[PDB]
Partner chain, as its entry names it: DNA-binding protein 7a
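In the form deposited without the partner chain, a lone chain appears below as structure tokens.
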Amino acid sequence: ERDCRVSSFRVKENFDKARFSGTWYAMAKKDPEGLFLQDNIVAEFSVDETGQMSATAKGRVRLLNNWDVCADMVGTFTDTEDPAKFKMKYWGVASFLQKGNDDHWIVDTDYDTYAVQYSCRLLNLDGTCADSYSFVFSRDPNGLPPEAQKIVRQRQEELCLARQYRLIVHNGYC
């Protein structure tokens, strides 16, 4: 009876790009189809004076046949009418790395502790998501405090994803 239509999902009110800048460690991920980033995922967000948000990311990706590389990725965000909803053009510093353009929603954050991100790459015909991914980020690479963890769990459930995350390990691979 809970609403899993993407159009129903709340996102961060009055999202502040500047406050969101800096280092975010991925603690957990819900994978899309054909998953790319595997683990050791760290993102760096910036805003320029134009107010244009961008990011870089490092992580282990596993090219099939069991070949691990540390991907170095770049993203730039185009604003929409909602301050928390963006279009993210992304690519790798190496041209053979995955590129594309995904929706990028900041579902919730308190800026200095946790963030929940969401992307629906493809809708179902009933408005639910056919192919989604989601990152939970922490400022502290050692994880979230309990109050933040509990808030995040609520947000995960609201996205209809709470059963579908896996933990992201950080072990200096990159």
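Here, rigid core means the biggest group of C-alpha atoms that superpose within 1.5 Å across both forms. Residue numbers count along the first chain shown, from 1. Shifts are known only where both forms have a C-alpha.
Form solved in complex with the partner chain: not shown, discussed below.
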{"property": "Answer range among 126-134, 141-149, 64-72, 108-116 for contact with the partner chain, defined in the deposited bound form as heavy atoms within 4.5 Å", "result": "64-72"}
{"property": "Any non-hydrogen atom of residue 167 within 4.5 angstroms of the partner chain in the deposited bound form", "result": "no"}
{"property": "4.5 Å heavy atom contact, residue 78 and the partner chain in the deposited bound form", "result": "no"}
{"property": "Residue 121 within 4.5 Å of the partner chain in the deposited bound form, heavy atoms", "result": "no"}
{"property": "Heavy atom of residue 47 within 4.5 Å of the partner chain in the deposited bound form", "result": "no"}
{"property": "Contacts with the partner chain in the deposited bound form, stretch 80-101 (heavy atom within 4.5 Å)", "result": "94, 95, 96, 97, 98"}
{"property": "Position with Cα shift of 2 Å or more, rigid core superposed between this form and the one not shown, options 122, 125, 70, 64", "result": "64"}
{"property": "Did residue 94 shift 2 Å or more between this form and the one not shown, C-alpha, core superposed", "result": "yes"}
{"property": "Sense of CA distance change between residue 32 and residue 66 in the deposited bound form, threshold 3 Å", "result": "farther"}
{"property": "Outcome for the Cα pair residue 42, residue 96 in the deposited bound form, compared with this form (closer or farther; change of 3 Å or more)", "result": "closer"}
{"property": "Displacement runs between this form and the one not shown, C-alpha, 2 Å or more, three or more consecutive residues, core aligned", "result": "63-67, 94-97"}
